[PDB]
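Contents: one structure, followed by commentary.
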Amino acid sequence: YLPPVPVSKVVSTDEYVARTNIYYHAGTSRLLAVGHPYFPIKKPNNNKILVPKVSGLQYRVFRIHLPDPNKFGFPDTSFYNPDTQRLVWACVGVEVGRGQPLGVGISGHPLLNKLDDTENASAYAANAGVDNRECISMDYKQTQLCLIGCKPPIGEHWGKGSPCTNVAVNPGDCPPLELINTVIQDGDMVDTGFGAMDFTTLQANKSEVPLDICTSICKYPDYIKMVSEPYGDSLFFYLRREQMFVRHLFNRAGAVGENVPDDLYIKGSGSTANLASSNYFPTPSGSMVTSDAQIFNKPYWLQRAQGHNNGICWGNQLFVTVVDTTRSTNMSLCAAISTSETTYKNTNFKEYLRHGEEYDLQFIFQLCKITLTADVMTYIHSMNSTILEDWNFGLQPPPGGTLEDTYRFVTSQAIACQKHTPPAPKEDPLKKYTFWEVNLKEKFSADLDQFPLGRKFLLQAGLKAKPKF
Amino acid sequence: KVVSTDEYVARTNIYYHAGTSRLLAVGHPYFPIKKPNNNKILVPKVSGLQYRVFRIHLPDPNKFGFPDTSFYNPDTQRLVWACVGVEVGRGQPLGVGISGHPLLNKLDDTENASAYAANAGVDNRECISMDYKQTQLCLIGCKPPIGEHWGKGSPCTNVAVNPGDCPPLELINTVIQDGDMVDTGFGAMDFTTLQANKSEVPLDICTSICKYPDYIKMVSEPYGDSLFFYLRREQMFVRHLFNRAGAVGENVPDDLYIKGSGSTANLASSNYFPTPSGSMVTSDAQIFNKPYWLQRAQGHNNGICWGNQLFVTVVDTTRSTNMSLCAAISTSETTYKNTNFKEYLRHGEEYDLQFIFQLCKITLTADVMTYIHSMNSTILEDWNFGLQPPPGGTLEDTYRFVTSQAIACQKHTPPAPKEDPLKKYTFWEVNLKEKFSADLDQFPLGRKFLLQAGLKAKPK
Amino acid sequence: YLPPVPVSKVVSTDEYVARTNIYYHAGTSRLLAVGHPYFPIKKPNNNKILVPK
């Protein structure tokens, strides 16, 4: 059993693609965002947000549009036929600026299910009352990551599905679990070390974790399935560093789901008449932060990636996703409602919390062309045909079929006839999925020398750009 | 006089690969679920602390005949895989579990006391949890893993043994399986056997025998095929210092010391146990999920593999975190009460494997027909040139039975589908057979090697 | 669009500059400073600083 030949066995893009002599760059001025860490702000009666909830622990999603090269002429355009061929951008090198002085922020919760210290106890604990929840906080696991590719990052999380039907679920049963892939959206939350899942559905208490994550589903990237892709065009590249260690050890307090079989221990008495809660959970503790482990503010250079794409960005479209813990510092300020009285009082001062956010992007690019034959056309048409649309061969145009001449009938609409609304803006299927946006379309330049970053590109390849006089 | 495999070995030029789907895995930290009256388990306790062991199931290469069969005689030789290469998927962000016991024998701290302790209530057991030795490992080779661990020795009849005496002492050396007990270094053994108390330890570690490799004897295989490879890494030390409280085994000679009185008359705990501290973690500490390689190994085996069959094992602390649920049997009431919340747990688990391989071809001489036959004959069992021409032509049909006069009534004989001898040993199993295929162009990884190869990538 | 040619070049200094054979050095003797960390010192009635912070 071979069994047959045709596969067709996806190939290295670098086969048919050709690299040009020309490079460009453009970059944003910069980006900044302000928001409150813990919850968003809205008018109490209204649903309209007064202030957006923002914190470092929110993921960042950057979508970047490029103008069509093939709209864009050249100083000398003769070197190719624009008819028989196309032009496509390629991404050689990338940078992430981050400017904040580095420092750690933090979160907590006013009410948290807890028993007491498990580390050292002179005597057995007390009786469980109602609601012993306390106000305690902790630091999240320190982390850095970066993500690059033309297809959105694929997330995964734990989640609840439908139990197979034999036993009718009664209230209080253990809901079965499901592993679920999904697209990644902005504002979503890093793991705290509690794992990607839905607290909202799976945690009823709503008090089991600090605020920020209670609402949403923390998610985490699966390199496997992602990297698994046949085209690899999800992500062609990435880096990561993170670390954690223990600090404290506590107990849940609540109704016991199940008791250990006795045979695993021996009956107590008196103080030991009853068994304390079995539960335990750690308190994650971030560590010493260093300037070194910083992965940013340093250039990157790509040639070969695990995927067959080499820096190809189809559809003038490009994705970057990055998350940092290091700048999480939260400044806190105070306003005085009364400036007169000279006796200090806790009454006079309201408190507010805001968090700074600092990004920048600068992207190298390379220029490339594509010859057309059928095998060509075929091969693409297999991969993603939508791509074709924005290109023009030729169209197909329709060997794939034609519209039957929509009915246009002259009516004031006051005639007894139906509505008609002139159609078709939508170019993005993913418009369902919101996230942070930037447009570059205008910013390109053809001379590296003028930019801080680029000259390194030169330096890496040397080669005086020819400023002689 | 064992020799390298590759003495006789005859290579191919040719390679295939497979990689799993992945690993779907989960389950409860502490103990498995079953109907209370019953022994029938609802749901497994699942832990990292359960030893992590997986094993290989593959087609005979000789099964596939070739577009070009030409190059060899199937008969005058055999045709035998080698492993070229290996990779594990390991995907979870890394995590912390942690534990201890709700009852514990302890007296108290050592370090800090302003005064000697008070009197001992009986059954003073307490609830504390701990961390662990911080560790990963990976284990690579074809013969069964076997852990060696303590035992209670054999009391000979010389000393008449007295109620409560010391069990004599042993190291036990015994086959490894999946889902077995990591140590924190509390001794490689079963207290459940070897500790009366049953109040001494983390529940989980109450269960069963801590186990740890024997390189040395696995080092000591004649062929070194249990594994030809592994890696081993960890970090830890102690956190705190705490006294047990229990009836005296034995006491200290006075000459070693001086005498107190009153308060000071009375014995300070000789029961002394530390409280460990497992450390911080880092990305860089990750050993996982990276191109994994050999050529030469300590053993004669190089990729020398049998039954189309191999054993795989690895362990990691790093991800040990679970997560629980707060189950509100009533959502109705809007005012808070601890009442309403049951709690459940499982530990979700994940992996994958992608591995590169070669085949090799083997002609036949006595050495061949013997040295391994010598070494082990089980493969030529699997081959047909083990011979055995038999006798035995004839018998008699007699029919029919149903006639109700009675000729002896008959045959029992499925009897021996049984082939895995060690089959009663029970542990994880992975059949791979038909996942193989040619080109790493298609296969997400070892084209890593193919670039590590290089070689021109071939046209279209 | 096509990008126009309305620009200069701003150039590496090493273009027009010329390096010589000669070198020199000088350095301070040393610097010394003393002060109070937490606040500056001044005469209570005056605004004139008694000690620099």
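Values in this text are rule-based calculations from the coordinates and carry no lab data. We place every Cβ from the backbone using ideal geometry, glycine too, and count neighbours over all the protein chains shown.
So the values come out like this:
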item: Failed item in (1) in contact (Cβ under 8 Å) with a residue 24 or more places away in the chain; (2) facing chain B (nearest Cβ under 7 Å), with A:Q203 passing the rest; result: (1)
item: Qualifying residues in segment B:418-452 (those that are free of Cβ contacts under 8 Å to residues at least 40 places away in the same chain and either more than 20 Å from B:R55 (Cα to Cα) or over 29 Å from the mean Cα position of the chain (by Cα) (or both)) - the one farthest from the other protein chains (Cβ to nearest Cβ); result: B:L450
item: Which numbered condition B:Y30 fails, given (1) buried (at least 18 other Cβ atoms within 10 Å of the Cβ); (2) of a type in the set (S, T, Y); (3) closer than 24 Å to B:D441 by Cα; result: (3)
item: Hits in segment A:63-115 - residues which are over 21 Å from the mean Cα position of the chain (by Cα), part of a strand (DSSP E or B) and within 28 Å of A:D428 (Cβ to Cβ); result: A:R86, A:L87, A:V88, A:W89, A:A90
item: Condition met for A:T411 (touching a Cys at 6+ places or on another chain (Cβ under 6 Å) and not in a helix (DSSP H, G or I)); result: yes
item: Complete set of residues in segment A:286-308 that are under 17 Å from B:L450 (Cβ atoms) and in contact with a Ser or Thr (Cβ under 7 Å, 6 or more places away or on another chain); result: A:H308
item: Residue count, segment A:414-469 (criterion: charged (D, E, K, R), within 30 Å of A:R60 (Cα to Cα) and either in contact with a helix residue (DSSP H, G or I) (Cβ under 6 Å, 6 or more places away or on another chain) or not in a loop (DSSP other than H, G, I, E, B) (or both)); result: 5
item: Checklist (1) surrounded by 16 or more Cβ atoms within 10 Å (Cβ to Cβ); (2) in contact with a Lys or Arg (Cβ under 8 Å, 6 or more places away or on another chain) applied to B:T207, failing item; result: (2)
item: So B:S404, is it of a type in the set (S, T, N, Q), within 14 Å of another protein chain (Cβ to nearest Cβ) and part of a loop (DSSP other than H, G, I, E, B); result: no
item: Condition met for B:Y257 (among the aromatic types (F, W, Y) and under 31 Å from the mean Cα position of the chain (by Cα)); result: no
item: Residues that are among the acidic types (D, E) and crowded, with 16+ Cβ neighbours inside 10 Å, drawn from segment B:110-146; result: B:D123, B:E126, B:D131
item: Counted residues, segment B:259-303 - those being under 30 Å from A:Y140 (Cα atoms) and exposed (fewer than 15 other Cβ atoms within 10 Å of the Cβ); result: 3
item: Among residues of segment B:274-288, those that are at the interface with chain A (Cβ under 7 Å from one of its Cβ atoms) and either among the polar types (S, T, N, Q) or part of a strand (DSSP E or B) (or both), counted; result: 4
item: Filter pass, A:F245 being crowded, with 19+ Cβ neighbours inside 10 Å and free of Cβ contacts under 8 Å to residues at least 60 places away in the same chain; result: yes
item: Selection from segment A:426-469 of residues that are surrounded by 13 or more Cβ atoms within 10 Å (Cβ to Cβ) and of a type in the set (S, T, N, Q); result: A:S445, A:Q450
item: Within segment B:6-44, tally of residues that are under 22 Å from B:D204 (Cβ atoms) and either touching a helix residue (DSSP H, G or I) at 6+ places or on another chain (Cβ under 8 Å) or assigned to a helix (DSSP H, G or I) (or both); result: 3
item: Residue in segment B:359-370 that is among the hydroxyl-bearing types (S, T, Y), within 22 Å of B:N73 (Cβ to Cβ), outside any loop (DSSP other than H, G, I, E, B) and free of Cβ contacts under 8 Å to residues at least 40 places away in the same chain present; result: yes
item: Looking only at segment A:1-34, and only at residues there that are charged (D, E, K, R) and within 23 Å of A:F457 (Cβ to Cβ), the one that is nearest to the other protein chains (Cβ to nearest Cβ); result: A:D14
item: Filter pass, A:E119 being under 36 Å from the mean Cα position of the chain (by Cα) and among the acidic types (D, E); result: no
item: Among (1) surrounded by 14 or more Cβ atoms within 10 Å (Cβ to Cβ); (2) within 14 Å of another protein chain (Cβ to nearest Cβ); (3) farther than 24 Å from A:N384 by Cα - the single one A:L66 does not satisfy; result: (3)
item: Scope segment B:330-371; condition touching a strand residue (DSSP E or B) at 6+ places or on another chain (Cβ under 9 Å), more than 14 Å from chain A (Cβ to nearest Cβ) and farther than 30 Å from A:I224 by Cβ; matching residues; result: B:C360, B:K361, B:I362, B:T363, B:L364, B:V368
item: In segment A:210-231, residue surrounded by the fewest Cβ atoms within 10 Å (Cβ to Cβ) [restricted to those that are facing another protein chain (nearest Cβ under 8 Å) and either out of contact with any strand residue (DSSP E or B) (no Cβ under 6 Å at 6 or more places or on another chain) or among the basic types (K, R) (or both)]; result: A:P230
item: For B:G141: the one exception among (1) touching a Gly at 6+ places or on another chain (Cβ under 8 Å); (2) farther than 19 Å from B:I216 by Cα; (3) not aliphatic (A, V, I, L, M); result: (2)
item: Every residue from segment B:102-156 that is without any contact (Cβ under 8 Å) to a residue 40 or more places away in the chain, under 23 Å from A:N274 (Cβ atoms) and either among the hydrophobic types (A, V, I, L, M, F, W, C) or touching a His at 6+ places or on another chain (Cβ under 8 Å) (or both); result: B:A118, B:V122, B:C127, B:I128
item: Any hit, segment B:75-82, residues being in contact (Cβ under 8 Å) with a residue 12 or more places away in the chain, at the interface with chain A (Cβ under 9 Å from one of its Cβ atoms) and either of a type in the set (D, E, K, R) or surrounded by 11 or more Cβ atoms within 10 Å (Cβ to Cβ) (or both); result: no
item: Output for segment A:124-136, where each listed residue is among the aliphatic types (A, V, I, L, M) and either more than 8 Å from every other protein chain (Cβ to nearest Cβ) or outside any loop (DSSP other than H, G, I, E, B) (or both); result: A:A126, A:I136
item: Any hit, segment B:176-184, residues being within 24 Å of A:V260 (Cα to Cα) and in contact with a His (Cβ under 7 Å, 6 or more places away or on another chain); result: no
item: Check on B:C326, crowded, with 19+ Cβ neighbours inside 10 Å and out of contact with any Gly (no Cβ under 9 Å at 6 or more places or on another chain); result: no
